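Taking it in order: structure first as C-alpha cells, then the write-up.
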Ligand SMILES: [Ca+2]
Ligand SMILES: [Ca+2]
C-alpha cells in the first residue's frame with residue numbers, strides 16, 4: 002500500500018524529526034500540500050538526529066514523508082497512533098538495502114504542539 006502519507010488536521014503545527022541508522026547518507030523530504038516543506042540529510046549508525054523542525058499542516062493536512070539514499074527511494078513502512086484521542090504520532094521507517102531493519106531513516110511526526 003501507499004506508505005508515508007498522513008492526513009493531519011488543517012492549519013496545524015506539527016513536529017517532524019528524523020534519525021539515521023545506516024551506512025548510507027539519508028535524505029528525508031517532507032511534503033506539505035504536495036510541495037516540499039523541509040529536507041533533512043545526514044549519516045549515522047547510532048540513531049543520530051539528522052533533522053528536527055516544526056511545520057504547519059497547511060490547508061489540506063496532507064503531509065508526505067519521502068526517503069532516498071544516493072537518489073534511490075527507500076522502501077517505506079508507516080502507521081499512525083492516537084493516544085487518549087488527542088496525542089498523535091505519525092511513524093515512518095525506511096529500508097535502503099537488503100537486511101530489512103527499516104531503521105535506516107526513522108521519521109516521527111507528532112502533534113499537537115504547545
Ligand atoms: Ca537497512
Ligand atoms: Ca539500518
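In full-length UniProt numbering, the protein residues as written are 2 to 115.
Using N, Cα and C, we set each Cβ at its ideal position, and we do this for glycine too.
{"Item": "Inter-stretch contact (C-beta, 8 Å, three-pair minimum) for the stretch 12-27 and the stretch 51-66", "Value": "yes"}
{"Item": "Three-state secondary structure assigned by DSSP to residue 113", "Value": "coil"}
{"Item": "Three-state secondary structure (DSSP) of residue 2", "Value": "coil"}
{"Item": "heavy atom of ligand 1 below 7 Å from residue 97 C-beta", "Value": "yes"}
{"Item": "Contacts around residue 37, its chain only, beta-carbon distance under 8 Å, and the 5 residues preceding and following it disregarded", "Value": "30, 31"}
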